[PDB]
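**Student:** Pasting an experimental structure, sequence included:
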Number of protein chains: 2
Amino acid sequence: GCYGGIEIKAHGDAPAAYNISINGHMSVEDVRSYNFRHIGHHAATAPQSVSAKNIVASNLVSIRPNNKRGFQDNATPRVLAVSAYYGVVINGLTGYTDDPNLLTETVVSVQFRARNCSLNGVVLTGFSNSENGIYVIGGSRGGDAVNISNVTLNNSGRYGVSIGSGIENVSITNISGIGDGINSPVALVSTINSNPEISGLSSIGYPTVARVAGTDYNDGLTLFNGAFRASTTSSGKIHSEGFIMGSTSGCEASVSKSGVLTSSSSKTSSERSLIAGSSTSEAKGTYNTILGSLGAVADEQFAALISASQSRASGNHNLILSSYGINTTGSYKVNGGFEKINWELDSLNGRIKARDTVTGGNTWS
Amino acid sequence: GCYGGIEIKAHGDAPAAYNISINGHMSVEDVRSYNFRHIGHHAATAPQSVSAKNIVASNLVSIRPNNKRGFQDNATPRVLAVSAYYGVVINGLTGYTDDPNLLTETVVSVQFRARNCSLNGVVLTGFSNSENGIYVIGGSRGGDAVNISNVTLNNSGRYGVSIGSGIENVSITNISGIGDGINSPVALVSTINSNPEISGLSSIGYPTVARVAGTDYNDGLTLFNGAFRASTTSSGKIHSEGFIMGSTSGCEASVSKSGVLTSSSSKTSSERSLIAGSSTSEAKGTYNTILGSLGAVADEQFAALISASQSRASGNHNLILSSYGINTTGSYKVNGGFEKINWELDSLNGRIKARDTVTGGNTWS
C-alpha cells in the first residue's frame, strides 16, 4: 500500500544508490513495486548519472499494482520501472493482477537513460487492459544492450514486448504470450529498429506475432546480427555483411555482400559474390560467382566459373564452364577449354567459335 | 522424509494455489522434492486449470529423493514434478543422490498440461539408473513453450533431456552430460517433434548425443525455426521457409523455399529460388536462379540468369549468360547478347544460332 515497494535512487544533486542486491521481495498493492531511478539524469539532454550502477534483483513478486490512493499526483502503476541505472540484472519476476483496470499503461518499463539491463524469467499475468507488457526505450549509447529472455505473458499487454527508439543492441529470446483475453491486442513483439536479435517466439490471440520495423512475422522468426558463421570450425575474416557456412579451414568472406558455402581454402573479397562447392578458389572482382570448382579465380566484374579447374576468368561478364587450365580475358564471353581456350560464345558481337569443328547433323551414339 | 517437500496445488473442485515464490529450499529424502499440480486438470480431455499460474522457484536443493517409506502407494520419486501449471520459472536447481536405485523413472518431469515452463541452471548428479533426466510432454496448445538451458547431467538419465509428444515449441540450449557411469545410456538429448530449437550440446559416454525425430547427431547441432536472417541489418518480408544472408537493405524472400544471399535491393517471390551476388534483381517465377547479376529479372518457370545485366529471362527453362540488355522468351534455350540477342543454344530443337558468324579453326591469340 505504498508508492514504491522498493525504491532505489537519488534526488538531483546527490549520488544514486549503487551496488544494491534484492534477494527476494513481495510487493502487495504498491504503485510501482520496484522503482529504480536517478532524478536529474533521465532527460536525453541531461548528463548520464556517474553513480547509478549495479542492481541485481531476483525472485521479485508484484501483486495488484495500482494507484487507488493517488500517490505522486496519480503516477501510473508499474510492476517494474527502471531509469538512469547502468547494469540492472533481473531474474525471476512474477507480476500478477486480478483487476485489468488498475494498471493501464506499461507493466515493466526500461527507459530514461537506463542502459545495459537484463531481464530473464518473467511471468506477467492479468494485465489485459495495459498498452505494453514490457516497454524499452534507449539512450542511444555506445556499448549499450538490453537482454530480454524467457518471458511469458498471460493476457498482459496489447504490445507484449515493445522496443522503442534509441536502441541498437537488443536480444529478445523465448517470449511467449496469450492474447485471447486482451482488450484489442496488437503484437506479441514489436520493434522500431530494423536489426533486433530475436528467436523463440510463441503466441496465441495476438493478430501479429512479431512486428519488426513495420514488417510482420507470424510464422516464426530467427534474426542474428554481425558476421555469421555456421558448421565451420575455423575461418579467416568474415565481414559483418558476409558469411561462411558448411566449410573447412582457410576460407574468408572479407567484404560487404560476400559469402562462402561448402568449400575449402577459398576466399572472396568480391563485393556481391558467392563461392560454393569449391576448393582453393578466389573471387576478387565484383558480382563474382564460383561454383563446384578447384583452383578457380574470378578477378573482374561479373566474371564467373562453374565446374572449372585451375582456371581464371578475368573478363568483364566473362563466364568459364566445364574447363581445365584456361585463362580468359574477353568481354561478354562464355568460354570453355582444356589447357587452351577451345570454344567461345561471344555475346558482345554474336560470334560462336570452336578451335576444331562446328557441325550440325550430330547424334550421341 | 515427507512425500512432497514443497507441494503447490489444489484438489479437484478447488482453485489451485497461484503466484507463489520459492526463494531457496532444501529438500532431504522426500519422495517428490518439489511437486506442483492441480488434480482434475491433468488429463488431455479435462478442462485446463484457470487458476494454476505463476510459480517462480529458485536455488532449489533436492537430496536423495526416494520412496523407502511407501508414501502415496509407492509413487515414483522426483527431484521436480510439474503438472497443470502455466508459467513456472525454475532457476538454479541441484539434485543430488548417492544411491542410483532410489529413483529409477524420471528425475524432472514437466507433463500433464503443464505449459510455458522454463528451466535454467540445473545440475543433476548421481541418478545413474533412471530412465530420464528431464522428461517433457506437451498438451498440445497454441502459445505454449518449454525452455531448457544451462543444464549439466552427471551420470543422470539414460535419456538426459527427453521431449515427448504434443510439444511444438521447444528451446534446448547448452546441455552437457557425462554418461560413462550410467546403466545403458541412450542419448543426451532426444526429441519426438522434428523441429526443436537446439544448440550447445556436449557429452561423453552417451552413444548418441542428439536424437531428433529418429535422426542422430553426434558431432554438434544448431537448429533454428522460422524465417531466418543473418549478417543483414534490414530487409523486407522473409517467409518462414526462406532466408536472407550477407545482404544490404531492400531484399525479400517472400515465399516457401526462396532465398537471397550476398545481394542488394533484390527480391524473390519465386517458389524454389535463389538470388546470390546480385543487385536490383527479381525472381518471380518458380525454379529461378539469379547469380552475379545487376537489374536481372527471371519471371518464368526454370528461367535463370548468370553474369547478366539489365536483362530478363522469360522463357520456360530459359537461361541467360554473360549478357547486357536482352529480353528472352524461348523455351529450353540458353541465350546471350548485348542490347539484342546475339547467340542461342536451342535444347528443344538442337539448333545453334549466332547473329554474326559460326566458325571452327579458331585460336585465341
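**Tutor:** Arrived safely, thanks for sending. Numbers count the residues shown, from 1 in each chain, chains lettered A, B, ... in the order given.

**Student:** From residue A:115, how far off is residue A:82?
**Tutor:** 10 Å (CB to CB, to the nearest Å). Placement of C-beta: from N, CA and C, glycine included.

**Student:** and those two? which has more neighbours close in?
**Tutor:** For the pair residue A:82 and residue A:115, the greater number of neighbours falls to residue A:82 (27 against 24), based on other CB atoms under 10 Å in any protein chain shown.

**Student:** quick one: strands adjacent to whatever helix or strand the more buried one lives in?
**Tutor:** Using DSSP states H and E, residue A:82 falls within strand A:78-83. Here strand A:78-83 is paired, per DSSP bridges, with strand A:32-38 (parallel), strand A:106-111 (parallel).

**Student:** Give me the distance from the shortest one to the chain's centre.
**Tutor:** When distances are taken as CA atoms, centre = their mean, to the nearest Å, strand A:106-111 is centred 22 Å away from the chain's centroid.

**Student:** Phi and psi next, for residue A:72.
**Tutor:** Phi and psi for residue A:72, reported as degrees, to the nearest 10, are phi 50, psi 50.

**Student:** can you count the residues close to the residue in the stretch 151-300 of chain A that chain B sits nearest to?
**Tutor:** Taking CB to the nearest CB, chain B has its nearest neighbour within the stretch 151-300 of chain A at residue A:220, 2.4 Å off. Residue A:220 has 21 neighbouring residues, counting by other CB under 10 Å.

**Student:** Quick check: closest non-adjacent residue to it.
**Tutor:** Spatial nearest neighbour of residue A:220, excluding adjacent residues (CB to CB, 6 or more residues apart in numbering or on different chains): residue B:226 at 2.4 Å.

**Student:** rewinding a little: just send the strands paired with strand A:78-83 back as TSV, with mean neighbour count too.
**Tutor:** Output for the strands paired with strand A:78-83, formatted as TSV (neighbours: other CB atoms under 10 Å in any protein chain shown):
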stretch	mean neighbour count
strand A:32-38	26
strand A:106-111	26
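
**Student:** Dump those strands into CSV; add distance to residue A:158 as well.
**Tutor:** Compiled in CSV, the strands paired with strand A:78-83 are given as follows (distance: least, CB to CB, whole Å):
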stretch, distance to residue A:158
strand A:32-38, 20
strand A:106-111, 11
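
**Student:** burial count for the residue nearest to residue A:306 when sequence neighbours are not counted?
**Tutor:** In space, residue A:306 comes closest to residue A:291 once its chain neighbours are excluded; the distance is 4.7 Å by CB to CB, 6+ apart. Look at residue A:291: counted by other CB under 10 Å, it has 21 neighbours.

**Student:** And residue A:291, how far from residue A:283?
**Tutor:** Taken as CB to CB, the span from residue A:291 to residue A:283 is 11 Å.

**Student:** Identify the contacts common to the two.
**Tutor:** residue A:275 (CB atoms under 8 Å, 6 or more residues apart in numbering or on different chains).

**Student:** Tell me who's in contact with residue A:197.
**Tutor:** So residue A:197 contacts A:170, A:171, A:172, A:173, A:223, A:224, A:225 (CB under 8 Å, 6+ apart).

**Student:** Secondary structure and distance to residue A:194 added to those, as TSV?
**Tutor:** As requested, these are exported to TSV (DSSP: H, G, I helix; E, B strand; the rest coil; distance: CB to CB, whole Å):
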residue	secondary structure	distance to residue A:194
A:170	strand	11
A:171	strand	15
A:172	strand	14
A:173	strand	18
A:223	strand	10
A:224	coil	14
A:225	coil	11
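
**Student:** okay if I get these as JSON lines plus distance to residue B:252?
**Tutor:** As requested, the contacts of residue A:197 are arranged in JSON lines below (distance: CB to CB, whole Å):
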{"residue": "A:170", "distance to residue B:252": "22"}
{"residue": "A:171", "distance to residue B:252": "24"}
{"residue": "A:172", "distance to residue B:252": "22"}
{"residue": "A:173", "distance to residue B:252": "24"}
{"residue": "A:223", "distance to residue B:252": "14"}
{"residue": "A:224", "distance to residue B:252": "18"}
{"residue": "A:225", "distance to residue B:252": "19"}
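
**Student:** what's the most distant pair in these?
**Tutor:** A:173 and A:225 (13.3 Å; CB to CB).

**Student:** Give me the more crowded residue out of these two.
**Tutor:** Just comparing residue A:173 and residue A:225: by other CB under 10 Å the higher neighbour count belongs to residue A:173, 21 against 18.

**Student:** any idea how far that one lies from residue A:221?
**Tutor:** Counting by CB to CB, the gap from residue A:173 to residue A:221 is 11 Å.

**Student:** Same check on residue A:40?
**Tutor:** Applying CB to CB to residue A:40 and residue A:221 gives a distance of 39 Å.

**Student:** got it, and residue A:212?
**Tutor:** From residue A:212 to residue A:221 the distance is 8 Å (CB to CB).

**Student:** And the helices in the stretch 51-200 of chain A?
**Tutor:** A:71-74 (DSSP state H, counting those that start in this stretch).

**Student:** For it, list the residues in contact with chain B, please.
**Tutor:** Proximity of the stretch 51-200 of chain A to chain B, by CB under 8 Å from any CB of the partner chain, involves residues A:58-59, A:61, A:63, A:91-94, A:96, A:120-123, A:125, A:150, A:152, A:154, A:173-174, A:176-178, A:194-195, A:199-200.

**Student:** please redo it, this time with the cut-off set to 7 Å
**Tutor:** By the rule CB under 7 Å from any CB of the partner chain, the part of the stretch 51-200 of chain A lying against chain B is A:58-59, A:61, A:63, A:91-92, A:94, A:96, A:121, A:123, A:125, A:150, A:152, A:154, A:174, A:176-178, A:194-195, A:199-200.

**Student:** buried subset of the residues you listed?
**Tutor:** By neighbour count, with 16 or more other CB atoms under 10 Å in any protein chain shown, those hold A:58-59, A:61, A:63, A:91-92, A:94, A:96, A:121, A:123, A:125, A:150, A:152, A:154, A:174, A:176-178, A:195, A:199-200 as buried.

**Student:** hmm, back to that, between residue A:40 and residue A:221, which has more neighbouring residues?
**Tutor:** The neighbour count for residue A:40 versus residue A:221, taken as other CB under 10 Å, is higher for residue A:221 (25 against 16).

**Student:** hang on, that one packs against residue A:198?
**Tutor:** Yes: in this structure residue A:221 lies within contact range of residue A:198 using CB atoms under 7 Å: 5.3 Å.

**Student:** Overlap in contacts, the two.
**Tutor:** Overlap of the contact sets of residue A:221 and residue A:198 (by CB atoms under 7 Å, 6 or more residues apart in numbering or on different chains) consists of residue A:210.

**Student:** Can you classify the residue of chain A most remote from its centre as helix, strand or coil?
**Tutor:** Going by CA atoms, centre = their mean, the residue of chain A most distant from its centre is residue A:361, 58.6 Å out. Of the three states, residue A:361 takes coil under DSSP: H, G, I helix; E, B strand; the rest coil.
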